[PDB]
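First comes the structure, then the notes that go with it.
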Amino acid sequence: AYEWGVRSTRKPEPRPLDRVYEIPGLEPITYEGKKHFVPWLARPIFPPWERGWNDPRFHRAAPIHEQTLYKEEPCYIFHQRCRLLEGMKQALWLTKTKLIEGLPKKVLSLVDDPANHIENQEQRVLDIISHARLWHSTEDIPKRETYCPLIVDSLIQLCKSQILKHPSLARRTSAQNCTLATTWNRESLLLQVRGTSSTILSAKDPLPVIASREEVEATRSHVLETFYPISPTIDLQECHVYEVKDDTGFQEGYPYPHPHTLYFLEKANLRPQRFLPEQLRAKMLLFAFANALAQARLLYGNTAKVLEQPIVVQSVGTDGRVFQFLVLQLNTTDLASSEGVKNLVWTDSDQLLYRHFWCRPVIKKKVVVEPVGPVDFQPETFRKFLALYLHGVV
Amino acid sequence: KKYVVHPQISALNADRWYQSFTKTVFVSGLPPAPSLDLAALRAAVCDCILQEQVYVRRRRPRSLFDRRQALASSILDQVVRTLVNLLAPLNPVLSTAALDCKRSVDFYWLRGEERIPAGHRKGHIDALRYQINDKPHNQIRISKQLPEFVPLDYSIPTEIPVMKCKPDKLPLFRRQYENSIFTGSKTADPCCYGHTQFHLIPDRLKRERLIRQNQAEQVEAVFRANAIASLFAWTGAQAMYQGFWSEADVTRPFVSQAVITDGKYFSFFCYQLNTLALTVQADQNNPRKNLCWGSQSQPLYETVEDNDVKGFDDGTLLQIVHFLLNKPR
Amino acid sequence: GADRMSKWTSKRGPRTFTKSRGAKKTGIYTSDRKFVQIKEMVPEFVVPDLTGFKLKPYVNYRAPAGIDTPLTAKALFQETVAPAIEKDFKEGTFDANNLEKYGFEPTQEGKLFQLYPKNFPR
Amino acid sequence: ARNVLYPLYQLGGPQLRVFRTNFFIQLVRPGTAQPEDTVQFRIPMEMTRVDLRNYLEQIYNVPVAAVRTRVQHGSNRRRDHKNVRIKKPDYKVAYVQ
Amino acid sequence: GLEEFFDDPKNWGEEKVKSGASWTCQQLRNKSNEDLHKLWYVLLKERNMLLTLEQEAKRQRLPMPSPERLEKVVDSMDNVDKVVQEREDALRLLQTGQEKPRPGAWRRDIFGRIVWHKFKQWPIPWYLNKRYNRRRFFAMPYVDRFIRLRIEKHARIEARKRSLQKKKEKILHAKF
Amino acid sequence: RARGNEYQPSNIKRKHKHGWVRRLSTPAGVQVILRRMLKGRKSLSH
RNA sequence: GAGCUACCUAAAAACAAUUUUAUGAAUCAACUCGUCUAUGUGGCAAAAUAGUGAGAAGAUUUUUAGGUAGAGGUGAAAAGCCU
RNA sequence: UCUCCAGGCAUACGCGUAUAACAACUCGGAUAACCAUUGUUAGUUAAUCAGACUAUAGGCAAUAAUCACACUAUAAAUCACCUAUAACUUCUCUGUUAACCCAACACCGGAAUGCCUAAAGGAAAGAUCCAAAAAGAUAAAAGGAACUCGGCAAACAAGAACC
Ligand SMILES: [Mg+2]
Ligand SMILES: [Mg+2]
Ligand SMILES: [Mg+2]
Ligand SMILES: [Mg+2]
Ligand SMILES: [Mg+2]
Ligand SMILES: [Mg+2]
Ligand SMILES: [Mg+2]
Ligand SMILES: [Mg+2]
Ligand SMILES: [Mg+2]
Ligand SMILES: [Mg+2]
Ligand SMILES: [Mg+2]
Ligand SMILES: [Mg+2]
Ligand SMILES: [Mg+2]
Ligand SMILES: [Mg+2]
Ligand SMILES: [Mg+2]
Ligand SMILES: [Mg+2]
Ligand SMILES: [Mg+2]
Ligand SMILES: [Mg+2]
Ligand SMILES: [Mg+2]
Ligand SMILES: [Mg+2]
Ligand SMILES: [Mg+2]
Ligand SMILES: [Mg+2]
Ligand SMILES: [Mg+2]
Ligand SMILES: [Mg+2]
Ligand SMILES: [Mg+2]
Ligand SMILES: [Mg+2]
Ligand SMILES: [Mg+2]
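Next comes the structure, spelled out in structure tokens:
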């Protein structure tokens, strides 16, 4: 079997010890007294050195087996960079959930009412796109690490202007770069999630439940799909030094205990560093599911049971052009077994706000084929964005 | 080659120098000249302070020196977004405004002349060039201009300072690079006017450090220099977007406001632009001049104990609300 | 065509070449590229109070100068240590073990001002 | 102090104190025109701007607000009767406000 | 204040300034350590004023008044320095017996010469310091030829010097 | 083409090719220094 | 002794307008090279100047640092080049 | 003030006081004026421009670029994020001038990148005269390769065919 690492690049073996050391009963004469090396005297052997006090700049870590938090059983941790090979199918298995395509009917209807329409909605949306892609910068072509965050903040500001119609929108706030974690078990596997959110919208009141108890119970017929020979833990980080923690994102006593929506961004300029659509959706489920579970465990303790009051959380993710929407309902905390009542998730995938943008006009033979600005704008996508924001008030 | 002007700078008496570079007169005070549940706003603002300091959970900064500065940035961003949100019903214009975070403002102008002192070009006459490159923490841009604070051609007896030495003696250095005039967005954007700016002072210039360096008298001067440079740049860029330059001077005054905070103390300033004719050629017979009004720094609160903010002052909160409630006529 | 004889300083060479002119360091550089000054590393001038002092830069021409006698280790020992030992020896209360009583120091460790190796400047 | 060794400092060490000072300075008339507050000095090449602040405040009881320094290259162009270059020494200039 | 960097305003423009003699070593020895510490700064401020005046005279292209004042002050400061050194030197001998404050050793360099090496301060012991280990304190056998060449070269210089002295004496005896 | 300009000065190259650390790196270079010391050269290396 | 030149390694950079297409294509600047003629010949220059010419998105040109040394190195072989 | 000409300003590399004022009139500039020369005194100021800038141990990566969307193609193509340990408020040091470098010279030569093309930067004639020969430019009656080794060079031509 080929061994990696050619010998010439490896550190060289220590010099052989002087033969005078072999002879028993003889004291070698070395250059230790001189305090410097000479080629014609024996090489001293020194005992290991101890400073006698701690210098912070030269601290040295103890080995893994000596760590106080070392545990023989392994914990698999899912974090931002993890990219699941099987995509959604693997994500559903880990979270014991059933998938429904399309958004819930209640949320969709919120925007069909023309009363919820914003004034000059289509024109204002077009301006935000142009500002994000061209106008905000002094450069000729801005980069994704700037406009991808910018488009989302501007859209939130547009929707947030609806407080004039609905005074009840003053009961929610938003934070930046909050963190979330949860520990749970699936079929003898210890699993943990460590993550962060770009922005988190929190409300003072819980969201309405989506599915009735009858629908929740009917899920028992559904069976979670498997993907042999690939294990469920492929692409997760195996850790032997870990601590069990749960985190919603705020400490106890926060006036707005109900998280409303979670936002996730793909702002990397280079394509290989950006999650693909399916892998982005898988990340959204686990991160959102962790937020819901941590909130549950907080209220009902560490016991496992089917929840009397299901918890609902929303999630939105984008790279600045394509948008994906998510709604999750947490029905049970008894995840050890693979059979029983299952959680439910609604997904709307690959929603294009615009197809392309030109920062300079396209000229062929002194004819302007394409003017600057968005191409093939689709207003439908924003309405789905607006509907999720309004949910829970209107 | 052009001098580079820093709004936030540690040099002594920078404000007096910036007046000469700009032809601005500074008046201490405020410009000559509906209940909204002030208690509710007090609750909302206190929520913002406590959320970032005591409730949010986020990864600690590595540096250990960015921690204090990073905290102060978080609260100021939260305060601006809420106050702008809460006050939208009373002032409808705030609903259609555009809110910017750490975007760039640029201005380039000519003022003065000098003789080249050495080399093969010795004796030739050259203009003195300046540029301001700035990045305000927050700013609001609207699509309609605000009303004036005093009529154009307003005259007061106070005299602009005159400096004997060259700008170099105030530590100030030159470079050659692109000249830019920028309001925060390109000319194609509809929102071409300014409403208010929010600034956060670097930790290097805060009150405690200055006292140790023995320049206690410079605590207030730092605030003034930041306002004069930042607001002169923003108004000048706005005017040139309307087509006015040194040889076609402004016909209507341009106005804007700013609040400058070091994290706890706050001060308030207003600026009016009357002249873009600052060059030697265009300034030979010009009686106009630019005006700036400012106030001394006042604390907004003192400390956070348990989960309660202690020392909240309503008087300062009124000034922030008054600035945000100004509207076009 | 280069000059071999003039001194090599930081004004010469490309940008990436730098060196000091002999000033002592006053702090440390961390990672993250931040300088951190240390207060104890900055020298402190100990200046006495000069009020009511009778001595001035110059001396009168009528002041008699004295024969030069540089101080030696023998002279210091006789003036300071010899008298005490002589009295105790007459009384008989003297032993070699208690030389520290007369001011002898076995080792310089622990002292703020060590005489060898010197740990303080002028 | 110049031409002397400083004790090496490690975490938790004493303060460094120099009882007798080896630095000598001279006040010079500005060649150019300077602001009214500013003063010029010639200082030894080993002195730092921090040292000048403490030197003036403690020895001379003068309050100082800022300090800036530069190194001036001395000419090495003049030659002696055997055609050997003469070097004018490099020196340091300090501006005190 | 800054006024101490100049002479008494009355003296400005005068051709001469009266001054006394510089401090001798023996007179200083009578004084105590505390007195000497204060006397140092009294001399120091006089030194700065004299250096200031010297430079200003060059700028105005005029002779410096009473330039001998500077030499006296510099001599005085030197005597103060040694007197303090004498006291420290004696005390070190009594307590430690060492003749030098700084540690050192006699070593051979790579060129075959014998030089005194002054030690430096380090936070770690020598056998763990990789920058120090690259320094060599020995000479290899190709240096032996150059050691002989140096010895012979020094021998020629001495012979010529003694020969010249003998010839010069011949001239003196003839003349006188 | 016109010759006479083969010296294209560069301080980094000059110190690496003919400098003090370079001369001491080999025994042949150390003997270069010894010869110039015996002659009495004022400049041992670049 | 490879700061010139020959070849290689690493990190960087430049290429307008027009016609074709989809390219060691075309016209022609920048830039690189050097066909032909005259002037010059201790010359402005120990190989240049003035015109006129070849290539100019490629086996292209250019910058910085490193490598190979004389019984040798390098070479789209001219017994070329290596201050 | 007028007449005419049309690569300038910055950075990198290199150079090392040639920088500025006054004074000199010896030497230097291939001559004067004036200095680039001689002597004396002065100068370049940064937590942002530029350089240097030592916490430790583990775990882990299928998906280019080109307005990156569509779109294919072939030569297959720039630390992050997590897990634990430790520390728990800071500004000193160095570069900064110039008409400048490599070519024996104040050499019609060579010299990387960014912006811009006159708003920046400059002067072909020391005075006079109007010969020969020599060099460069422009115009020419009638004829149009008869010139020459050869349409070399020049031309109101700058096109075609074949070995
Ligand atoms: Mg040569
Ligand atoms: Mg090479
Ligand atoms: Mg080359
Ligand atoms: Mg092209
Ligand atoms: Mg060729
Ligand atoms: Mg061809
Ligand atoms: Mg061609
Ligand atoms: Mg081609
Ligand atoms: Mg052949
Ligand atoms: Mg042949
Ligand atoms: Mg040769
Ligand atoms: Mg000059
Ligand atoms: Mg003159
Ligand atoms: Mg000169
Ligand atoms: Mg500096
Ligand atoms: Mg920097
Ligand atoms: Mg390093
Ligand atoms: Mg310069
Ligand atoms: Mg030549
Ligand atoms: Mg010549
Ligand atoms: Mg010009
Ligand atoms: Mg003529
Ligand atoms: Mg003709
Ligand atoms: Mg004819
Ligand atoms: Mg014929
Ligand atoms: Mg014939
Ligand atoms: Mg021809």
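Residue numbers (the entry's author numbering), protein chains in the order written: chain 5, 30 to 423; chain s, 89 to 121, 129 to 424; chain 9, 14 to 135; chain U, 2 to 98; chain Y, 65 to 240; chain 2, 47 to 92. In this text, a Cβ means the ideal position worked out from N, Cα and C, and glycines have one as well.
Out of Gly105 (chain 9), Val94 (chain 9) and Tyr129 (chain 9), the CA that lies nearest to the CA of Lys114 (chain 9) is found in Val94 (chain 9). Those residues of the region 166-190 of chain Y placed with their C-beta closer than 7 Å to a C-beta in chain 5 are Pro189 and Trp190, ordered along the chain. Per DSSP, the beta bridge partners of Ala71 (chain 5) are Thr59 (chain 5).
Excluding five sequence positions before and after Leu70 (chain 2), the CB atoms of its chain that fall closer than 8 Å to its own CB belong to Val76 and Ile79, given in chain order.
By the 16-neighbour rule on beta-carbons within 10 angstroms, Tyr53 (chain 2) is exposed. The region 309-327 of chain s makes contact with the region 360-368 of chain s; the number of CB pairs closer than 8 Å reaches 3 or more. Of the candidates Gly289 (chain s), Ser250 (chain s), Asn402 (chain s) and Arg270 (chain s), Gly289 (chain s) places its Cα closest to the Cα of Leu241 (chain s). In the assembly as shown, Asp62 (chain 9) is an exposed residue. Its beta-carbon has fewer than 16 other beta-carbons within 10 Å. Under the 7 Å criterion on CB atoms, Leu90 (chain 2) is classed as non-interfacial with respect to chain Y.
Around the beta carbon of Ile97 (chain s), 16 or more other beta carbons lie within 10 angstroms, which makes this residue buried. Annotation for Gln191 (chain 5): no alpha helix (DSSP H) segment contains it, and DSSP assigns it neither H nor E.
DSSP lists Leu359 (chain 5) as the bridge partner or partners of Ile340 (chain 5). The three-state reading of DSSP puts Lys93 (chain U) in strand, counting E and B together. Taking 7 Å as the cut-off, the Cβ atoms of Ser23 (chain 9) and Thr31 (chain 9) count as close. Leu103 (chain Y) is outside the set of residues whose beta carbon lies under 7 Å from a beta carbon in chain U. Between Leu305 (chain 5) and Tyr105 (chain 5), the C-beta gap is not smaller than 7 Å, which leaves the two residues out of contact. For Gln119 (chain Y), a Cβ of chain U is located within less than 7 Å of the residue's own Cβ. Residue pairing from DSSP places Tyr360 (chain s) in a beta bridge opposite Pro394 (chain s). Look at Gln333 (chain s) here: in three-state DSSP terms it is helix. Where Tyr329 (chain 5) is concerned, the enclosing alpha helix (DSSP H) starts and stops at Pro306 to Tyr329.
Within chain 2, the residues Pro73, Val76, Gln77 and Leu80 have their CB atoms less than 9 Å from the CB of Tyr206 (chain Y), given in chain order. Residue environment: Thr362 (chain 5) is assigned as buried (16 or more neighbouring CB atoms within 10 Å of its CB, all protein chains considered). Taken atom to atom, the span from the alpha-carbon of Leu103 (chain Y) to that of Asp81 (chain 9) is near 20 Å. Taken through DSSP and simplified to helix, strand or coil, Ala343 (chain s) comes out as strand. Spatial neighbours of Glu209 (chain s) in its own chain (CB-CB distance under 7 Å, excluding positions within 5 residues in sequence) are listed in chain order as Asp221 and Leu223. Between the alpha carbons of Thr225 (chain 5) and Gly369 (chain 5) lies a distance of about 30 Å. In the DSSP annotation of this structure, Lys88 (chain 2) is not part of any beta strand (DSSP E), being labelled neither H nor E.
Secondary structure of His94 (chain s) (DSSP, three-state): coil.
The Cβ-Cβ distance between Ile276 (chain s) and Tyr225 (chain s) does not fall below 7 Å.
In terms of side-chain proximity, the C-beta atom of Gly14 (chain 9) is found no nearer than 6 Å to any non-hydrogen atom of ligand 19. Under the DSSP definition of a beta bridge, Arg215 (chain 5) partners with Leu218 (chain 5).
From the beta-carbon of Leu12 (chain U), the residues of chain 5 found nearer than 7 Å are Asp84.
Among the residues facing chain Y, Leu112 (chain 9) is not included, as its CB has no counterpart in that chain under 7 Å away. When the five nearest sequence neighbours on each side are left out, the beta carbons in the same chain lying within less than 6 Å of the beta carbon of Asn214 (chain 5) are those of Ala365, in order along the chain. A distance below 7 Å between beta-carbons, with the five flanking residues on each side excluded, links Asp81 (chain U) to the following residues of its chain, in chain order: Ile87.
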